[PDB]
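Peer 1: Note that the authors' numbering has the sequence shown beginning at 1, numbered continuously upward. Every residue, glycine too, gets a C-beta built ideally from N, C-alpha and C. Before anything else, here's the structure in question.
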Amino acid sequence: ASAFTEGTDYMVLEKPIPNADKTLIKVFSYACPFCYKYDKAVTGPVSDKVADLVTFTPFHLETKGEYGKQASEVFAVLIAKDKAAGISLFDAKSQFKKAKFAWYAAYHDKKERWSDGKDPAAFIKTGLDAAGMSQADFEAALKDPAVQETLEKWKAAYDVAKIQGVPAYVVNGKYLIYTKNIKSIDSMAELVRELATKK
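Structure, rendered in structure tokens:
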């Protein structure tokens, strides 16, 4: 039927993310501990359960941390590359996934700060080395118009992140899930399916 409750399980965004129908967007930051937690355990299984209905669509939040935009640039490049190649963003071979988890580990587990903003080379190296992509290949791919448009789209992440922090899971660009009220993977997957099929 309909099992979930407006104002508790989810809310409608005042300003929807445009051009996002049939997506599960996850607004996240490399510098976000709960993003790491959810990425390790929840994001994959939930996305798998709803993959027949919505496409998993990461949105990186550039405003958080000293290297938010550098991370966004790398992620945008790596997602574009993975998707060109037909590789799932949860596949062991995903370059996006490798970079993402390398940064999560460095930042959250090893408390790496790469000289507090002054060493973007060192920051980018952590992600690119994990992904197996060269500095030169990254700077060249950054120029791709579709990558630049991804970066423009992700500017929308800030107003969504403000509401209840990150991670912020959004369905069809319209319905924001309350992270603190997520009960389980099985529950969240049904919540996403319910939201995805709203008129």
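1. Going by C-alpha to C-alpha distance, which of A157, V50, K198 sits closest to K15?
2. Grouping DSSP H, G and I as helix and E and B as strand, with all else coil, what is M133?
3. Would you say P45 lies against chain B (beta-carbon separation less than 8 Å)?
4. What are the boundary residues of the beta strand (DSSP E) that includes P58?
5. Under 8 Å by Cβ, that's how I've got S29 and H60 pegged, so tell me the actual separation to the nearest angstrom.
6. Out of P33, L195, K22, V46, which has the shortest C-alpha to C-alpha gap to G165?
7. Alpha carbon to alpha carbon, what distance is there between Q148 and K155?
8. Considering only residues of the same chain and omitting the five flanking positions on each side of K22, which have a CB-CB separation below 8 Å?
Peer 2: In short, the structure shows the following:
1. Position 15 of the sequence shown, counted from the first residue, corresponds to residue 15. Nearest of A157, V50, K198 to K15, Cα basis: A157.
2. The residue you call residue 133 lines up with position 133 of the sequence shown. Here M133 sits in coil by DSSP.
3. Note that chain B does not occur in the displayed structure, where there is just one protein chain.
4. Here residue 58 corresponds to residue number 58 of the sequence shown, with the count starting at 1. Its beta strand (DSSP E) spans residues 55-60.
5. Within the sequence shown, numbered from 1, the residue matching residue 29 stands at position 29. Within the sequence shown, numbered from 1, the residue matching residue 60 stands at position 60. Indeed, because the Cβ distance is near 7 Å, the residues count as touching under 8 Å.
6. Counting from 1 along the sequence shown, the entry for residue 165 is found at position 165. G165 has its Cα closest to that of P33, out of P33, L195, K22, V46.
7. Here residue 155 refers to the residue found at position 155 of the sequence shown. Here residue 148 refers to the residue found at position 148 of the sequence shown. So the alpha carbons of these two residues sit roughly 11 Å apart.
8. Locating residue 22 in the sequence shown gives position 22, where the first residue counts as 1. Contacts found: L53, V54, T55, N172, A196.
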